[PDB]
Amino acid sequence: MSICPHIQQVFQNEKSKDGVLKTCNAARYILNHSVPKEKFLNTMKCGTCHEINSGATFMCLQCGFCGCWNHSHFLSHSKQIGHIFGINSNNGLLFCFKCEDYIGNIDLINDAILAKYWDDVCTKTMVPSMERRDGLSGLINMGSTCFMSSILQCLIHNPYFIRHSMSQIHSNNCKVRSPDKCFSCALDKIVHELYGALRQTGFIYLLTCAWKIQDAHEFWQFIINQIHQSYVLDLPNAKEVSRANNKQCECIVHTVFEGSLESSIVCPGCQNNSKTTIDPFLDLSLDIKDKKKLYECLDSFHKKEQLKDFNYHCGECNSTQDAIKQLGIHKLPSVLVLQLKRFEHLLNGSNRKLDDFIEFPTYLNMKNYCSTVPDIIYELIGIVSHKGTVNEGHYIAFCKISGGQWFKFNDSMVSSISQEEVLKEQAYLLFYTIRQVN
């Protein structure tokens, strides 16, 4: 595997190198911080043909020109002016027009924001090892703990949680600083083991915090609430603790997973809409009985039902007409967590597990489930399923890591699996991450 010899030639000169990196950092900055119109007209308009999006458009490294791909106008420029490098304005990747290829395998260019510190960085930190690069690793059960581990897997393959953890946000603010005392810390240790070199030490340290306090859903709520505690506990005063409890928390949980429902109760007789409420959620529990498709469950969740409430008299008009209730999403989260209600508990005291296969899409559109709409599209990234009966069963997670490849986590066993196979799962929790918003 070779490395563009042309950019190597530039890197021999120490000053020409820093020009390249300053420029790469500038272009990428501009690309992340320009409004659509600005971007189109100034990073995707071609210097020569003046077309917008004539394929990729490359911002020249050595001058201000931008040149399209579909008519080889950047190629022309590289031939005419001798400027052979351009940044792709859809993605900030660097193209060499003599190799006719992208330069993607040079760490300094990839990590150009660290250019000023590079000699420190590249000697005192290493690239991740092949085995750990996607955090892939079983977590042994050891005592009816698949409801813990399967939840944990989806969490430690959650892009928002990984970013948070590797950003050291919690580490640099935690007061308890102890894997056996503090949850967030224990989770930090697991990310450490799975993505670095320290692989149950973190998960071991997680049952020990659980010594200080069967259903995987309940554990989801349990674990995220703990994460939130840990944030509240690190806050510098009583005032901020009040806010984070009663108003607007800004922790990882409450800025990723929390949406809010509008629960509208309206009385037919006189349109009194007074038991209307805005309630936070961290997930949505959907009824699946005699349903065959997730969108039907969402339609269900969203449709008007009549409240059978003995022997109700509209506070406002006296009408014995059932109040009409409707639920709609008032605020969506960045990660939408759906629970399909499979464990139906009975008045007679027993339990049922519903095994109905519910079809769910790889891309989910929530536009019809909001309230007063443009497309609002999520991407499925995790699933937790339940195998066996209400009594003796296990849980299995499935996660979509970067690249699009799905894996199956069965305690110690981790195994590759096709998207086509994952979709046929009897799903219990579904994790969807926000992907496009028109």
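Position 1 is the first residue in the sequence shown; the rest follow in order.
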query: Between neighbours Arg199 and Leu198, residues that the deposited sequence lists but the model omits; finding: 10 or more
query: Between neighbours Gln214 and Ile213, residues that the deposited sequence lists but the model omits; finding: 4 to 9
query: Between 298-306 and 135-143 (mean CA B-factor, as deposited), the higher; finding: 135-143
query: Selected stretch [higher average CA B-factor]: 75-83 or 338-346; finding: 338-346
query: Out of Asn351, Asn91, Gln221, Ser260, highest CA B-factor residue; finding: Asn351
query: Criterion, highest CA B-factor; candidates, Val390, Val384, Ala56, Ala27; finding: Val390
query: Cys270, C-alpha B-factor rank within chain (lowest, middle or highest third); finding: highest
query: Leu429 by Cα B-factor - lowest, middle or highest third of the modelled chain; finding: lowest
query: Relative C-alpha B-factor of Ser416, binned into the chain's lowest, middle or highest third; finding: middle
query: Relative C-alpha B-factor of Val437, binned into the chain's lowest, middle or highest third; finding: lowest
query: Entry-reported Cα temperature factor of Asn365, expressed as the chain third it lands in; finding: lowest
